[PDB]
>>> print(open('my_file-v9.cif').read())   # mmCIF, C-alpha atoms and all ligand atoms
data_target
loop_
_atom_site.label_atom_id
_atom_site.label_comp_id
_atom_site.auth_asym_id
_atom_site.auth_seq_id
_atom_site.Cartn_x
_atom_site.Cartn_y
_atom_site.Cartn_z
CA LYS N 49 15.33 -15.94 33.10
CA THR N 50 17.44 -12.97 31.79
CA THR N 51 17.02 -10.18 29.17
CA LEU N 52 17.31 -11.17 25.50
CA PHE N 53 18.54 -9.13 22.56
CA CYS N 54 17.23 -9.17 19.00
CA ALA N 55 18.98 -9.81 15.69
CA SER N 56 17.85 -9.07 12.13
CA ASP N 57 18.63 -8.40 8.48
CA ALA N 58 17.26 -4.91 8.88
CA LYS N 59 18.93 -2.75 6.27
CA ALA N 60 20.25 0.77 6.58
CA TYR N 61 18.63 1.73 3.36
CA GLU N 62 15.00 0.82 4.10
CA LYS N 63 12.64 3.45 5.41
CA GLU N 64 10.29 0.58 6.00
CA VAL N 65 9.61 1.08 9.66
CA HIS N 66 10.40 -2.44 10.91
CA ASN N 67 13.83 -2.03 9.30
CA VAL N 68 14.38 1.35 10.97
CA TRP N 69 13.32 0.14 14.39
CA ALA N 70 15.48 -2.98 14.08
CA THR N 71 18.44 -0.97 12.82
CA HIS N 72 18.79 0.75 16.13
CA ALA N 73 17.22 -1.94 18.33
CA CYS N 74 18.85 -5.19 17.10
CA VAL N 75 22.29 -6.53 16.16
CA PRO N 76 22.98 -8.19 12.79
CA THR N 77 22.05 -11.82 12.33
CA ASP N 78 25.01 -14.15 12.62
CA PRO N 79 25.54 -15.70 9.16
CA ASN N 80 27.09 -18.75 10.83
CA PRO N 81 24.67 -19.88 13.52
CA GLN N 82 25.76 -22.59 15.95
CA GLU N 83 23.34 -25.26 17.11
CA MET N 84 23.97 -28.34 19.22
CA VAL N 85 21.71 -31.36 18.80
CA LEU N 86 21.24 -33.52 21.96
CA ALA N 87 18.59 -36.06 20.87
CA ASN N 88 18.86 -38.02 24.14
CA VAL N 89 18.27 -35.41 26.81
CA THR N 90 14.56 -34.62 27.50
CA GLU N 91 13.54 -31.37 29.27
CA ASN N 92 10.24 -29.60 29.88
CA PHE N 93 8.73 -26.51 28.25
CA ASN N 94 5.61 -24.42 28.82
CA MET N 95 4.69 -22.10 25.95
CA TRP N 96 1.99 -20.51 28.13
CA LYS N 97 4.49 -19.42 30.83
CA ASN N 98 7.40 -18.19 28.69
CA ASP N 99 9.11 -14.89 29.40
CA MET N 100 10.51 -14.70 25.86
CA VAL N 101 6.87 -14.01 24.97
CA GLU N 102 6.66 -11.00 27.30
CA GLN N 103 10.02 -9.66 26.15
CA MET N 104 8.98 -9.85 22.48
CA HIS N 105 5.59 -8.34 23.33
CA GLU N 106 7.30 -5.34 24.85
CA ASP N 107 9.59 -5.03 21.82
CA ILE N 108 6.70 -5.02 19.36
CA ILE N 109 4.83 -2.47 21.47
CA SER N 110 7.91 -0.26 21.20
CA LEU N 111 8.19 -0.87 17.45
CA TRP N 112 4.58 0.15 16.93
CA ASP N 113 5.06 3.28 19.12
CA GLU N 114 7.94 4.42 16.98
CA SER N 115 6.52 3.28 13.65
CA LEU N 116 2.70 3.56 13.54
CA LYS N 117 2.04 6.71 15.45
CA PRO N 118 -1.68 7.57 15.58
CA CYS N 119 -2.96 11.05 14.94
CA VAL N 120 -4.81 10.78 18.25
CA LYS N 121 -4.34 8.37 21.13
CA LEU N 122 -7.20 8.06 23.64
CA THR N 123 -6.54 6.29 26.95
CA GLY N 124 -9.49 6.99 29.24
CA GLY N 198 -9.84 10.71 29.54
CA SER N 199 -6.56 11.77 28.08
CA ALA N 200 -5.90 12.29 24.41
CA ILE N 201 -2.40 12.51 22.95
CA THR N 202 -1.93 14.04 19.47
CA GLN N 203 1.10 13.75 17.20
CA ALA N 204 2.06 13.64 13.56
CA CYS N 205 0.71 10.51 11.84
CA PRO N 206 2.40 10.26 8.43
CA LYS N 207 1.73 7.37 6.11
CA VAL N 208 4.70 4.99 6.20
CA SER N 209 5.94 1.93 4.40
CA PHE N 210 5.09 -1.00 6.64
CA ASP N 211 6.06 -4.61 5.97
CA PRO N 212 7.04 -6.88 8.88
CA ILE N 213 10.55 -8.33 8.81
CA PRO N 214 11.77 -11.37 10.78
CA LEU N 215 13.31 -10.84 14.22
CA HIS N 216 15.57 -13.27 16.07
CA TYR N 217 15.64 -13.43 19.86
CA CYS N 218 19.07 -14.21 21.27
CA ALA N 219 20.37 -15.27 24.67
CA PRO N 220 23.22 -13.10 25.98
CA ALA N 221 26.61 -14.29 27.21
CA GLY N 222 26.24 -16.97 29.87
CA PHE N 223 22.78 -18.10 28.74
CA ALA N 224 21.47 -20.28 25.97
CA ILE N 225 18.17 -21.00 24.29
CA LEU N 226 16.89 -24.57 24.32
CA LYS N 227 14.90 -25.54 21.24
CA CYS N 228 12.55 -28.50 21.42
CA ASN N 229 13.09 -30.62 18.30
CA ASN N 230 10.02 -32.91 18.64
CA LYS N 231 8.03 -32.22 15.45
CA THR N 232 4.72 -32.81 17.27
CA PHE N 233 5.48 -31.25 20.69
CA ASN N 234 2.29 -29.51 21.78
CA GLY N 235 4.08 -26.64 23.59
CA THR N 236 3.72 -28.23 27.02
CA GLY N 237 5.40 -30.93 29.05
CA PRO N 238 8.51 -33.00 28.35
CA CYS N 239 10.39 -32.97 25.05
CA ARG N 240 13.10 -35.54 24.31
CA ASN N 241 15.03 -34.37 21.23
CA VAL N 242 16.47 -31.02 22.36
CA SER N 243 19.00 -28.61 20.86
CA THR N 244 20.78 -25.58 22.23
CA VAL N 245 21.09 -22.45 20.08
CA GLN N 246 22.06 -18.80 20.47
CA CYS N 247 18.96 -17.31 18.79
CA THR N 248 15.51 -18.34 17.66
CA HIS N 249 14.54 -18.52 14.03
CA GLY N 250 13.37 -15.31 12.44
CA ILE N 251 9.88 -14.41 13.65
CA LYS N 252 7.85 -11.83 11.77
CA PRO N 253 5.86 -9.87 14.39
CA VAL N 254 2.52 -10.01 12.57
CA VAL N 255 -0.34 -8.40 14.51
CA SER N 256 -3.74 -9.94 13.76
CA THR N 257 -6.78 -11.71 15.17
CA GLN N 258 -8.60 -14.94 14.22
CA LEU N 259 -5.99 -15.98 11.63
CA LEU N 260 -2.24 -16.22 12.23
CA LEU N 261 -0.46 -14.96 9.12
CA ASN N 262 3.01 -15.51 7.69
CA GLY N 263 4.21 -17.78 10.51
CA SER N 264 6.07 -21.05 10.13
CA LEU N 265 4.13 -24.25 9.56
CA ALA N 266 4.20 -27.42 11.63
CA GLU N 267 6.42 -29.98 9.95
CA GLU N 268 4.27 -33.09 10.49
CA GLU N 269 0.66 -33.04 11.56
CA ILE N 270 -1.61 -30.19 12.57
CA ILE N 271 -0.90 -29.38 16.24
CA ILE N 272 -3.52 -28.24 18.76
CA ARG N 273 -2.07 -26.00 21.48
CA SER N 274 -3.88 -24.81 24.58
CA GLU N 275 -2.97 -24.01 28.14
CA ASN N 276 -5.95 -26.16 29.15
CA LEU N 277 -8.29 -27.69 26.58
CA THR N 278 -10.91 -28.43 29.25
CA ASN N 279 -11.05 -24.74 30.19
CA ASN N 280 -13.01 -23.20 27.37
CA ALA N 281 -11.86 -19.70 28.34
CA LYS N 282 -8.32 -20.62 27.22
CA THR N 283 -7.38 -19.70 23.66
CA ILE N 284 -6.67 -22.63 21.33
CA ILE N 285 -3.83 -22.20 18.83
CA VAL N 286 -4.09 -24.43 15.77
CA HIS N 287 -0.68 -24.86 14.11
CA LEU N 288 -1.29 -25.68 10.45
CA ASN N 289 1.03 -27.95 8.48
CA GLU N 290 0.02 -26.47 5.10
CA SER N 291 -0.53 -22.80 4.49
CA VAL N 292 -3.72 -21.33 3.02
CA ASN N 293 -3.43 -18.27 0.81
CA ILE N 294 -5.44 -15.19 1.67
CA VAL N 295 -5.27 -12.20 -0.69
CA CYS N 296 -6.80 -8.99 0.66
CA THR N 297 -7.17 -5.90 -1.49
CA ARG N 298 -8.56 -2.38 -1.48
CA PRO N 299 -8.75 -1.88 -5.26
CA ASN N 300 -7.95 1.34 -7.08
CA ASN N 325 -16.04 3.43 -1.06
CA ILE N 326 -12.35 4.01 -0.43
CA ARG N 327 -12.66 1.87 2.71
CA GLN N 328 -14.24 -1.10 0.91
CA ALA N 329 -11.89 -4.06 0.52
CA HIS N 330 -12.18 -7.82 0.23
CA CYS N 331 -10.17 -11.00 0.72
CA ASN N 332 -10.19 -14.12 -1.48
CA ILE N 333 -9.60 -17.63 -0.14
CA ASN N 334 -9.67 -20.74 -2.34
CA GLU N 335 -12.56 -22.80 -0.97
CA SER N 336 -10.87 -26.06 -1.91
CA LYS N 337 -7.90 -25.59 0.40
CA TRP N 338 -9.96 -24.05 3.17
CA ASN N 339 -12.24 -27.09 2.91
CA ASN N 340 -9.30 -29.45 3.28
CA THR N 341 -7.62 -27.70 6.17
CA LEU N 342 -10.85 -27.49 8.14
CA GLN N 343 -11.44 -31.18 7.45
CA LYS N 344 -8.02 -31.86 9.03
CA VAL N 345 -8.45 -29.41 11.92
CA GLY N 346 -11.77 -31.09 12.62
CA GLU N 347 -9.99 -34.44 12.68
CA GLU N 348 -7.45 -33.27 15.29
CA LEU N 349 -10.04 -31.50 17.42
CA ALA N 350 -12.05 -34.73 17.21
CA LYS N 351 -9.16 -36.62 18.73
CA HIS N 352 -9.39 -34.25 21.68
CA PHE N 353 -13.22 -34.26 21.93
CA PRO N 354 -14.11 -37.78 20.73
CA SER N 356 -17.85 -38.14 21.29
CA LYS N 357 -18.86 -34.83 19.95
CA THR N 358 -19.70 -33.26 16.60
CA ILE N 359 -17.24 -30.47 15.67
CA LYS N 360 -18.82 -27.20 14.50
CA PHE N 361 -17.09 -24.03 13.30
CA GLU N 362 -19.06 -20.80 13.68
CA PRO N 363 -18.39 -17.05 13.49
CA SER N 364 -17.28 -15.05 16.49
CA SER N 365 -20.14 -14.43 18.92
CA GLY N 366 -19.41 -10.87 20.01
CA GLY N 367 -16.98 -8.20 21.07
CA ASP N 368 -15.04 -5.34 19.57
CA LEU N 369 -14.77 -5.37 15.79
CA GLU N 370 -11.05 -6.13 16.16
CA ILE N 371 -11.84 -9.67 17.37
CA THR N 372 -15.20 -10.39 15.74
CA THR N 373 -13.54 -9.87 12.38
CA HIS N 374 -10.17 -10.92 11.07
CA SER N 375 -8.29 -7.68 11.65
CA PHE N 376 -4.71 -6.98 10.62
CA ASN N 377 -2.49 -4.23 9.27
CA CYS N 378 -1.74 -4.17 5.54
CA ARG N 379 0.89 -1.63 4.43
CA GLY N 380 -0.08 0.72 7.25
CA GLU N 381 -3.85 0.44 6.82
CA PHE N 382 -6.04 -1.43 9.31
CA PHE N 383 -8.24 -4.05 7.61
CA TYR N 384 -11.30 -5.58 9.29
CA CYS N 385 -12.48 -8.64 7.33
CA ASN N 386 -15.78 -10.44 7.97
CA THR N 387 -15.21 -14.18 8.47
CA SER N 388 -18.76 -15.50 8.86
CA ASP N 389 -18.45 -17.27 5.51
CA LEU N 390 -15.13 -18.73 6.74
CA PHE N 391 -15.81 -20.11 10.23
CA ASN N 392 -19.03 -21.80 9.19
CA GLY N 393 -19.04 -25.56 8.75
CA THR N 394 -19.67 -28.94 10.35
CA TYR N 395 -17.39 -31.96 10.79
CA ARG N 396 -19.57 -34.99 11.59
CA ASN N 397 -18.81 -38.46 10.45
CA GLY N 398 -15.11 -38.16 9.81
CA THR N 399 -16.27 -35.70 7.12
CA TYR N 403 -16.29 -31.89 6.96
CA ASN N 404 -19.07 -29.94 5.28
CA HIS N 405 -18.74 -26.20 4.66
CA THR N 406 -21.82 -24.13 5.52
CA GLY N 407 -20.25 -20.91 4.39
CA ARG N 408 -21.17 -19.34 1.13
CA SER N 409 -18.79 -19.32 -1.82
CA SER N 410 -18.87 -18.26 -5.44
CA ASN N 411 -17.13 -19.97 -8.26
CA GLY N 412 -14.68 -21.74 -5.96
CA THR N 413 -13.63 -18.90 -3.64
CA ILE N 414 -14.78 -17.52 -0.32
CA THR N 415 -14.73 -13.73 -0.42
CA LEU N 416 -14.51 -11.80 2.86
CA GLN N 417 -15.93 -8.31 2.95
CA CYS N 418 -13.49 -5.85 4.56
CA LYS N 419 -13.44 -2.28 5.79
CA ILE N 420 -10.38 -0.10 6.35
CA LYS N 421 -10.92 1.74 9.62
CA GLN N 422 -9.48 4.86 11.28
CA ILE N 423 -10.55 4.38 14.90
CA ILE N 424 -8.74 1.37 16.33
CA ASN N 425 -9.13 -0.46 19.62
CA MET N 426 -5.50 -0.92 20.54
CA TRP N 427 -3.90 -4.28 21.11
CA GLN N 428 -1.10 -2.75 23.20
CA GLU N 429 -3.33 -1.53 26.06
CA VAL N 430 -6.91 -0.50 26.71
CA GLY N 431 -7.36 2.56 24.53
CA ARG N 432 -8.25 3.95 21.14
CA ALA N 433 -6.06 5.18 18.29
CA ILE N 434 -7.21 7.34 15.36
CA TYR N 435 -5.29 7.31 12.05
CA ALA N 436 -5.60 9.25 8.78
CA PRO N 437 -7.72 8.00 5.84
CA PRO N 438 -6.24 5.38 3.53
CA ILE N 439 -3.40 5.99 1.13
CA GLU N 440 -4.41 6.09 -2.53
CA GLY N 441 -4.32 3.33 -5.10
CA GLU N 442 -4.54 -0.39 -4.64
CA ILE N 443 -3.73 -1.75 -1.16
CA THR N 444 -3.01 -5.48 -1.38
CA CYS N 445 -1.44 -8.03 0.96
CA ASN N 446 -0.90 -11.61 -0.18
CA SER N 447 -0.41 -13.66 2.98
CA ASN N 448 -0.27 -17.26 4.11
CA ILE N 449 -2.66 -18.42 6.81
CA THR N 450 -0.40 -20.62 8.93
CA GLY N 451 -2.53 -21.01 12.07
CA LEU N 452 -5.85 -20.32 13.75
CA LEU N 453 -6.89 -18.80 17.08
CA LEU N 454 -10.04 -20.52 18.35
CA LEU N 455 -12.31 -20.41 21.38
CA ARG N 456 -14.57 -23.29 22.41
CA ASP N 457 -18.16 -22.71 23.53
CA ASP N 464 -23.19 -33.69 21.96
CA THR N 465 -21.57 -30.95 19.95
CA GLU N 466 -18.47 -28.83 20.49
CA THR N 467 -18.45 -25.43 18.79
CA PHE N 468 -15.34 -23.41 17.89
CA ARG N 469 -15.25 -19.72 17.00
CA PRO N 470 -12.32 -17.54 15.92
CA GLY N 471 -10.61 -15.66 18.73
CA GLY N 472 -7.64 -13.38 19.38
CA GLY N 473 -7.01 -9.97 20.88
CA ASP N 474 -3.99 -10.81 23.04
CA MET N 475 -1.03 -10.48 20.66
CA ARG N 476 1.03 -12.53 23.11
CA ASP N 477 -0.70 -15.62 21.71
CA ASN N 478 0.61 -14.65 18.27
CA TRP N 479 4.11 -14.54 19.70
CA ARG N 480 3.60 -17.84 21.61
CA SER N 481 2.63 -19.54 18.38
CA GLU N 482 6.20 -19.01 17.16
CA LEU N 483 8.10 -19.09 20.48
CA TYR N 484 6.43 -22.25 21.82
CA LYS N 485 9.49 -24.45 21.31
CA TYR N 486 12.04 -22.18 23.01
CA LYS N 487 13.14 -21.74 26.62
CA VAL N 488 15.98 -19.59 28.02
CA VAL N 489 18.34 -21.28 30.49
CA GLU N 490 21.28 -20.83 32.82
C1 LIG T 501 -7.58 -12.88 24.47
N1 LIG T 501 -8.99 -12.60 24.71
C2 LIG T 501 -9.09 -11.54 25.69
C3 LIG T 501 -8.86 -10.22 24.97
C4 LIG T 501 -9.77 -9.80 23.98
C5 LIG T 501 -9.58 -8.59 23.31
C6 LIG T 501 -8.48 -7.81 23.64
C7 LIG T 501 -7.56 -8.22 24.62
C8 LIG T 501 -7.75 -9.44 25.29
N2 LIG T 501 -6.55 -7.22 24.71
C9 LIG T 501 -5.29 -7.44 25.40
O1 LIG T 501 -5.03 -8.47 25.95
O2 LIG T 501 -4.34 -6.44 25.41
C10 LIG T 501 -3.10 -6.91 25.89
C11 LIG T 501 -6.85 -6.03 24.01
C12 LIG T 501 -7.20 -4.90 25.03
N3 LIG T 501 -7.22 -3.63 24.33
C13 LIG T 501 -8.45 -2.87 24.26
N4 LIG T 501 -9.51 -3.27 24.82
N5 LIG T 501 -8.44 -1.62 23.54
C14 LIG T 501 -7.98 -6.40 23.09
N6 LIG T 501 -7.43 -6.61 21.84
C15 LIG T 501 -7.52 -5.55 20.87
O3 LIG T 501 -8.07 -4.54 21.13
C16 LIG T 501 -6.89 -5.76 19.51
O4 LIG T 501 -6.37 -6.80 19.28
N7 LIG T 501 -6.97 -4.68 18.55
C17 LIG T 501 -6.34 -4.76 17.26
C18 LIG T 501 -5.89 -3.56 16.72
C19 LIG T 501 -5.22 -3.53 15.50
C20 LIG T 501 -5.00 -4.74 14.87
CL1 LIG T 501 -4.16 -4.85 13.31
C21 LIG T 501 -5.41 -5.91 15.43
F1 LIG T 501 -5.15 -7.06 14.77
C22 LIG T 501 -6.07 -5.95 16.64
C1 LIG T 502 0.17 -31.57 25.80
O1 LIG T 502 0.96 -32.70 26.22
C2 LIG T 502 0.93 -32.92 27.64
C3 LIG T 502 1.86 -34.08 27.93
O2 LIG T 502 3.13 -33.85 27.32
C4 LIG T 502 -0.50 -33.17 28.11
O3 LIG T 502 -0.51 -33.27 29.53
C5 LIG T 502 -1.40 -32.03 27.69
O4 LIG T 502 -2.74 -32.35 28.04
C6 LIG T 502 -1.29 -31.79 26.18
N1 LIG T 502 -2.10 -30.66 25.77
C7 LIG T 502 -2.75 -30.62 24.61
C8 LIG T 502 -3.52 -29.36 24.33
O5 LIG T 502 -2.73 -31.56 23.81
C1 LIG T 503 -1.24 -32.48 8.16
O1 LIG T 503 -2.03 -32.92 9.30
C2 LIG T 503 -3.15 -33.75 8.95
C3 LIG T 503 -3.87 -34.09 10.23
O2 LIG T 503 -3.28 -33.44 11.35
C4 LIG T 503 -2.70 -34.99 8.16
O3 LIG T 503 -3.87 -35.65 7.68
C5 LIG T 503 -1.86 -34.58 6.96
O4 LIG T 503 -1.36 -35.71 6.26
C6 LIG T 503 -0.71 -33.69 7.42
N1 LIG T 503 0.23 -33.35 6.36
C7 LIG T 503 -0.01 -32.81 5.15
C8 LIG T 503 -1.44 -32.60 4.75
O5 LIG T 503 0.92 -32.55 4.38
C1 LIG T 504 -7.92 -27.52 33.17
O1 LIG T 504 -9.36 -27.75 33.31
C2 LIG T 504 -10.04 -27.50 34.54
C3 LIG T 504 -10.50 -26.06 34.51
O2 LIG T 504 -11.78 -25.97 33.89
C4 LIG T 504 -9.24 -27.88 35.79
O3 LIG T 504 -9.45 -29.26 36.09
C5 LIG T 504 -7.74 -27.60 35.68
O4 LIG T 504 -7.47 -26.21 35.80
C6 LIG T 504 -7.17 -28.10 34.37
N1 LIG T 504 -7.18 -29.55 34.31
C7 LIG T 504 -6.19 -30.23 33.73
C8 LIG T 504 -6.35 -31.70 33.67
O5 LIG T 504 -5.19 -29.66 33.28
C1 LIG T 505 -20.51 -10.28 8.87
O1 LIG T 505 -21.49 -10.36 7.79
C2 LIG T 505 -22.73 -10.96 8.18
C3 LIG T 505 -23.58 -11.09 6.94
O2 LIG T 505 -23.16 -10.16 5.95
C4 LIG T 505 -23.38 -10.11 9.26
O3 LIG T 505 -24.60 -10.74 9.66
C5 LIG T 505 -22.44 -10.01 10.46
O4 LIG T 505 -23.01 -9.19 11.48
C6 LIG T 505 -21.09 -9.45 10.03
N1 LIG T 505 -20.17 -9.43 11.16
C7 LIG T 505 -19.52 -8.33 11.55
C8 LIG T 505 -18.62 -8.48 12.75
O5 LIG T 505 -19.63 -7.26 10.95
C1 LIG T 506 -22.98 -19.45 7.24
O1 LIG T 506 -23.14 -18.73 6.02
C2 LIG T 506 -24.51 -18.53 5.65
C3 LIG T 506 -24.51 -17.93 4.26
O2 LIG T 506 -23.60 -16.84 4.17
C4 LIG T 506 -25.17 -17.65 6.69
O3 LIG T 506 -26.53 -17.48 6.33
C5 LIG T 506 -25.08 -18.32 8.05
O4 LIG T 506 -25.59 -17.45 9.05
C6 LIG T 506 -23.63 -18.69 8.39
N1 LIG T 506 -23.59 -19.49 9.61
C7 LIG T 506 -23.59 -18.98 10.84
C8 LIG T 506 -23.56 -19.97 11.96
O5 LIG T 506 -23.60 -17.77 11.04
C1 LIG T 507 2.82 -11.70 4.53
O1 LIG T 507 4.03 -11.82 3.72
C2 LIG T 507 3.94 -11.34 2.37
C3 LIG T 507 5.29 -11.57 1.74
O2 LIG T 507 6.33 -11.01 2.52
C4 LIG T 507 3.55 -9.87 2.38
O3 LIG T 507 3.42 -9.39 1.05
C5 LIG T 507 2.22 -9.72 3.11
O4 LIG T 507 1.82 -8.35 3.12
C6 LIG T 507 2.36 -10.24 4.54
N1 LIG T 507 1.10 -10.07 5.25
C7 LIG T 507 0.99 -9.28 6.32
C8 LIG T 507 -0.38 -9.17 6.92
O5 LIG T 507 1.96 -8.68 6.80
#
>>> encode(input="my_file-v9.cif", output="structure tokens")
Amino acid sequence: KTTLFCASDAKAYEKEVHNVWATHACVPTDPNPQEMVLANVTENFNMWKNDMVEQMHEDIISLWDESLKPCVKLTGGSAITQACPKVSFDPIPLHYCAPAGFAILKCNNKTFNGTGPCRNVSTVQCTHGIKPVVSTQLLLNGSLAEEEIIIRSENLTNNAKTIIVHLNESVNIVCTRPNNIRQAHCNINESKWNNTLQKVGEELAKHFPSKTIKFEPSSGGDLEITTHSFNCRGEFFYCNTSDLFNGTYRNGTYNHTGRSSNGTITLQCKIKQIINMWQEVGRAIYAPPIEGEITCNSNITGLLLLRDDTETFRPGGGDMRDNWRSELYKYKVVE
């Protein structure tokens, strides 16, 4: 309803670019945060219509402008060139705070789906620390649901609406370009992936009860959304997930159709230079990869899915606002 401000442990000393941006965009985190439980009250929320999401989106666009400058930016006919140094890039958590006269209501219901009424409600000055992690298909390094896997959607019957799966247990994904210089790969332990998809299939089954639940790779589109794309220490990884979203959940049981090897699914990745931008319609060109071993060890904490008897789910993404919603879903600004 108003304009928020951000708070962070960004440090002076870092040249890591999230730290720099936060040092002159945010105020320091309050060591002593106040929170007010009101477990009787009940109010409504709508994670799909939440202007904290737009405010954070604009912040992260600004952060990426200042921090990950492309050598060339193409928007339509016009090309902007500027220096594109390699930088140290590691997202840090950001808190969104309501200014004087306003508060932030947090919904305390462990299983709240992001929509409708919520009984146990607190009031706080700032959100928890949210790392602004840009990615598609898999949500990385978020915070897990406390109880059961949660299915979030603006409208589950409308198959054009992105589904956000909030995981209650993280799944490790290690992606590495080892010492082709654009060849990389990610390793996921097939045991845990098997489990979490068994559980996601269970919850989806509750919402589509007659049907068989199939997971399948992304149909089509730009590489950014048909692969699991993300930024790892400045470099843009594009990781094939057809061995990942590839399985059937039938009779209360999940069976993985994807191919593994000695207990691990391995995704084949490329580090790319020409990027379809998430900030706006346009292209960005960056310099070739830094040297040595580029490795990110991340937690998968959620999924972005799109629904096509049988119901069929494929990985989605492309609108980074859904990434922010997945963390902001339980907050509302008031007063
Ligand atoms: C939600 N389904 C609709 C949909 C599908 C696809 C997209 C949108 C929307 N976009 C949108 O809403 O912009 C507000 C985008 C429009 N930009 C464009 N065409 N150049 C596009 N997304 C990306 O291009 C994208 O994510 N690139 C990407 C780059 C670097 C990394 Cl590390 C990364 F992880 C991802
Ligand atoms: C979320 O809960 C509301 C009721 O609180 C319900 O109307 C809506 O259909 C639910 N959505 C999902 C995706 O479960
Ligand atoms: C996570 O959610 C699933 C189903 O939503 C449930 O079976 C499981 O017990 C939950 N908690 C875990 C695995 O810790
Ligand atoms: C979502 O589903 C359809 C759109 O396909 C329509 O009835 C309406 O927009 C929504 N329905 C409900 C029950 O929310
Ligand atoms: C992923 O790999 C499979 C098999 O290697 C291939 O058929 C598919 O086209 C790839 N997807 C993308 C988006 O490159
Ligand atoms: C699942 O993986 C197998 C083996 O990698 C592949 O042949 C198949 O095409 C994948 N499934 C789908 C629906 O693409
Ligand atoms: C996720 O967090 C870990 C630990 O901070 C970090 O090493 C990793 O690179 C992060 N992943 C991404 C994609 O930022």
>>> residues_near_ligand(input="my_file-v9.cif", ligand="ligand LIG 506 (chain T)", cutoff="6 Å", atoms="only C-alpha atoms and all ligand atoms", output="list in words")
residues 362, 363, 388, 389, 392, 406, 407 and 408 of chain N
>>> residues_around(input="my_file-v9.cif", residues="region 96-110 of chain N", least_positions_apart="6", cutoff="9 Å", atoms="all atoms listed in the file", output="MDAnalysis selection string")
chainID N and resid 49:52 54 69 73 217 235:236 253 274:275 427:428 475:477 479:480 483:484 486:488
>>> residues_around(input="my_file-v9.cif", residues="residue 380 (chain N)", least_positions_apart="2", cutoff="8 Å", atoms="only C-alpha atoms", output="PyMOL selection string")
chain N and resi 116+207-210+377-378+382
>>> atom_distance(input="my_file-v9.cif", atom1="atom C8 of ligand LIG 507 (chain T)", atom2="CA of residue 444 (chain N)")
9.5 Å
>>> residues_near_point(input="my_file-v9.cif", point="(4.2, -11.5, 1.2)", cutoff="10 Å", atoms="only C-alpha atoms", output="PyMOL selection string")
chain N and resi 211-212+261-262+295+444-448
>>> residues_near_ligand(input="my_file-v9.cif", ligand="ligand LIG 503 (chain T)", cutoff="6 Å", atoms="all atoms listed in the file", output="list in words")
residues 268, 269, 270, 289, 344 and 348 of chain N
>>> atom_distance(input="my_file-v9.cif", atom1="atom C5 of ligand LIG 501 (chain T)", atom2="CA of residue 471 (chain N)")
8.5 Å
>>> build_atoms(input="my_file-v9.cif", residues="region 118-202 of chain N", atoms="N, CA and C atoms", output="PDB file, in the coordinates of the input")
ATOM      1  N   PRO N 118      -0.329   7.111  15.920  1.00  0.00           N
ATOM      2  CA  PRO N 118      -1.680   7.570  15.580  1.00  0.00           C
ATOM      3  C   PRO N 118      -1.777   9.080  15.641  1.00  0.00           C
ATOM      4  N   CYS N 119      -2.697   9.621  14.840  1.00  0.00           N
ATOM      5  CA  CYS N 119      -2.960  11.050  14.940  1.00  0.00           C
ATOM      6  C   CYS N 119      -3.463  11.395  16.320  1.00  0.00           C
ATOM      7  N   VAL N 120      -4.319  10.560  16.892  1.00  0.00           N
ATOM      8  CA  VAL N 120      -4.810  10.780  18.250  1.00  0.00           C
ATOM      9  C   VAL N 120      -4.738   9.466  19.003  1.00  0.00           C
ATOM     10  N   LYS N 121      -4.300   9.528  20.254  1.00  0.00           N
ATOM     11  CA  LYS N 121      -4.340   8.370  21.130  1.00  0.00           C
ATOM     12  C   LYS N 121      -5.199   8.712  22.341  1.00  0.00           C
ATOM     13  N   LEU N 122      -6.322   8.013  22.473  1.00  0.00           N
ATOM     14  CA  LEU N 122      -7.200   8.060  23.640  1.00  0.00           C
ATOM     15  C   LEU N 122      -7.005   6.888  24.587  1.00  0.00           C
ATOM     16  N   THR N 123      -6.571   7.209  25.807  1.00  0.00           N
ATOM     17  CA  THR N 123      -6.540   6.290  26.950  1.00  0.00           C
ATOM     18  C   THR N 123      -7.366   6.915  28.072  1.00  0.00           C
ATOM     19  N   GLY N 124      -8.625   6.494  28.190  1.00  0.00           N
ATOM     20  CA  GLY N 124      -9.490   6.990  29.240  1.00  0.00           C
ATOM     21  C   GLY N 124      -9.962   8.403  29.010  1.00  0.00           C
ATOM     22  N   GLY N 198      -9.373   9.357  29.716  1.00  0.00           N
ATOM     23  CA  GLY N 198      -9.840  10.710  29.540  1.00  0.00           C
ATOM     24  C   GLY N 198      -8.902  11.548  28.727  1.00  0.00           C
ATOM     25  N   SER N 199      -7.684  11.037  28.619  1.00  0.00           N
ATOM     26  CA  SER N 199      -6.560  11.770  28.080  1.00  0.00           C
ATOM     27  C   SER N 199      -6.296  11.418  26.636  1.00  0.00           C
ATOM     28  N   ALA N 200      -6.106  12.441  25.832  1.00  0.00           N
ATOM     29  CA  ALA N 200      -5.900  12.290  24.410  1.00  0.00           C
ATOM     30  C   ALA N 200      -4.542  12.868  24.066  1.00  0.00           C
ATOM     31  N   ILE N 201      -3.702  12.066  23.416  1.00  0.00           N
ATOM     32  CA  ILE N 201      -2.400  12.510  22.950  1.00  0.00           C
ATOM     33  C   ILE N 201      -2.453  12.625  21.436  1.00  0.00           C
ATOM     34  N   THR N 202      -2.086  13.796  20.911  1.00  0.00           N
ATOM     35  CA  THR N 202      -1.930  14.040  19.470  1.00  0.00           C
ATOM     36  C   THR N 202      -0.487  14.188  19.014  1.00  0.00           C
TER      37      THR N 202
END
